[PDB]
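Take a look at this single chain, the form deposited in one PDB entry, given in structure tokens.
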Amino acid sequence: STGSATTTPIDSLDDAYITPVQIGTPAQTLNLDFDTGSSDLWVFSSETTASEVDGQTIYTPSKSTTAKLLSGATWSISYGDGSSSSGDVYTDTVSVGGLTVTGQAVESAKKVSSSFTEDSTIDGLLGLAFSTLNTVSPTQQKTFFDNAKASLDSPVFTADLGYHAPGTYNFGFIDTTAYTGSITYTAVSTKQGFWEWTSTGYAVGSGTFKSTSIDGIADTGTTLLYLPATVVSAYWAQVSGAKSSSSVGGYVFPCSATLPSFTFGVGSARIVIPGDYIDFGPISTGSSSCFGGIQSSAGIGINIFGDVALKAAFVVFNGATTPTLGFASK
């Protein structure tokens, strides 16, 4: 089997991407945020505290003839920014782009943090990291991809995120028309539950490539590119007037600036992030200070190749017995 679904930016900055997901029978379509940095499929639901729902589409398990309470199971996830959601668990039929999994754990939110309530376009997250990170207790549950894997033509999914435009998540096949050149594959460590890999270096604009190992994760659920402070300082030093602002929470730059590209290495290959992809717009409406798309990871504990980096590439998440990541230009 295969599946193919379009993923659409939630706003004009590409802060996140939503993909329609069919849950239950008859289908209830929710727009979920496919997250390769986490491993829970959770949704706003008829069980979510009413004051914490503000415009999201909800899953109502009592209206699905295939929903079944997973007795005794609860979940609770804290994200890296401090956001959180928790609740109970149903199993139900879940389909993405024509690919159907029966018995998928659908984690129904009873509580969500304000950051989620405020995002009316996101109806939940569909985790695509390794199932070892799934938070369901007392019986950990598998991700949608893990459940689908054996049925897929090939045990892979691909992320092809658009810049200011829709893109595609495919399951079970490589679309060889979706990228240019060849795909360069690189090793993955699953020891932390992430799609963790080592970039071979970077360049700023037309500058020379610096060969240096940068361990990080491929994370579709994070917006920005978080890299070591040395790398990030080298990037922003090429933007006149750019500076790190403790009050704003990162590097900012004059909105009148033209930003240089940023290149990262994948083995001997190179992925170029155009300068425009690094502009996240005014820090507040009407400001002439703009927020940068490359930020320091120093306070995180891990480097994160988020959407800023991934949308410059066609990315293969190869879930074979020994997983690997593939990157191609496009």
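All residue numbers refer to positions in the sequence shown, first residue = 1.
This protein has a second form, the form deposited with a small molecule bound, left out of what is shown; the following refers to that one.
Undergrad: So in the bound PDB entry, is the small molecule close enough to residue 167 to count as touching (4.5 Å, heavy atoms)?
TA: So residue 167 counts as contacting the small molecule.
Undergrad: Hey, in the bound PDB entry, does residue 93 get a heavy atom within 4.5 angstroms of the small molecule?
TA: Residue 93 lies outside the contact set for the small molecule.
Undergrad: Is residue 291 a contact residue for the small molecule in the bound PDB entry, using a 4.5 Å heavy atom cut-off?
TA: Residue-level check for residue 291: yes, a contact with the small molecule.
Undergrad: Check residue 282 for me: does it contact the small molecule in the bound PDB entry (non-hydrogen atoms, 4.5 angstroms)?
TA: Output for residue 282 is yes: heavy atoms within 4.5 Å of the small molecule.
Undergrad: Which one of 174, 203, 224, 159 is close to the small molecule in the bound PDB entry, taking close to mean a heavy atom within 4.5 Å?
TA: None of the others qualify; the residue that does is 224.
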